[PDB]
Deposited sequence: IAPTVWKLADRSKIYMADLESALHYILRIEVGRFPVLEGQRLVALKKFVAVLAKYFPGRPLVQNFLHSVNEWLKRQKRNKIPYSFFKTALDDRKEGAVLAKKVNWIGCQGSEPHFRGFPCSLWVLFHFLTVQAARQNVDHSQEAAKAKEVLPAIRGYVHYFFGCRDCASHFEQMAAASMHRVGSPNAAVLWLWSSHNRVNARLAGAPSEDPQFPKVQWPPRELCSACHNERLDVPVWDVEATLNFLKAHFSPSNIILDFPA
């Protein structure tokens, strides 16, 4: 019975944990563009993740450690040691804990849900203002580290198709939002859909009524109202600690 209108810090910190210990850990060696993508994304986290003091200090420490590695190749084992030295387990957690991303069954929702939330939050933080590097950094992360390539593939299809049209932080926020809805549409009512959390064109009317237009002559979404709702929804004040 989580509040669909809130953001739970637990989902965000679990996402970070999963990213650093699981997704990045799938590669014995981090090099080339994958390493560049990791550094750009961590730089984005260090600056835009809405973390508590200990977590923000942790991200800055990891960010700086990465910036110092002059080498072109970084063994994951070496990165794991850096995480351990910076007590990520104490700062974040040992096991994931989903609240707003809790699937009705283990295989439903979870990390993928937390990743979307994290991504949207990063775009909004950048718009309540490097900033221009948020969406590319997110694209970079999805391409080089995101587990389910099925999930990834569909995201990259959208990026090349239009991510290049994004010319501002606000546009980037809306781009990710609408791109997420295009994914929602294809997944709606699918055999893989969590029955307890049906896919819909988000935000639904009960969440944001002004975001929705009435005429079949005017667009479905009120882009201005939607932008404001997004800035309000993905904000530090809307996070439950």
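Participant: Could you spell out the stretches of the deposited sequence that were left without C-alpha coordinates, going in sequence order?
Facilitator: The deposited sequence has unmodelled segments at 1-7, 137-145, 258-261.
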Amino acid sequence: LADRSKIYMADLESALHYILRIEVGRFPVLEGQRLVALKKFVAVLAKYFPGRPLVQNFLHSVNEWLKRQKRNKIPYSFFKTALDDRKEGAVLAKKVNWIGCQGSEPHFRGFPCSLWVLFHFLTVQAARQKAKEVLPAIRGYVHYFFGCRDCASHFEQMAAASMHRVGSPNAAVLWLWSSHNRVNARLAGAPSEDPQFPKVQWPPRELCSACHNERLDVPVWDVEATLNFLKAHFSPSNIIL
From here on, numbers count along this sequence of modelled residues.
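Participant: Mean C-alpha B factor from the entry: is it higher for 9-17 or for 218-226?
Facilitator: Per the PDB record, 218-226.
Participant: On average, which has the higher Cα B-factor in the deposited entry, 190-198 or 65-73?
Facilitator: So the stretch with the higher mean C-alpha B-factor is 65-73.
Participant: Would you mind checking which of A161, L122, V142, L83 has the top Cα temperature factor in the PDB entry?
Facilitator: That would be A161, according to the entry.
Participant: How does the C-alpha B factor of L176 compare with the rest of the chain: lowest, middle or highest third?
Facilitator: For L176, whose C-alpha B-factor we compare with every modelled residue in the chain, the answer is the lowest third.
Participant: Ranking every modelled residue in this chain by its Cα temperature factor as given in the entry, which third contains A210?
Facilitator: Top third by C-alpha B-factor.
Participant: Per the entry's values, where does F111 land by CA temperature factor relative to the rest of its chain, in the lowest, middle or highest third?
Facilitator: CA B-factor rank for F111: lowest third.
Participant: Sorting by Cα B-factor within the chain, modelled residues only, which third would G100 end up in: lowest, middle or highest?
Facilitator: Lowest third - that is where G100 ends up once the chain's C-alpha B-factors are sorted.
Participant: Taking the entry's C-alpha B-factors for this chain, is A127 in the lowest, middle or highest third?
Facilitator: Within its chain, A127 is a highest-third residue by C-alpha B-factor, going by the deposited values.
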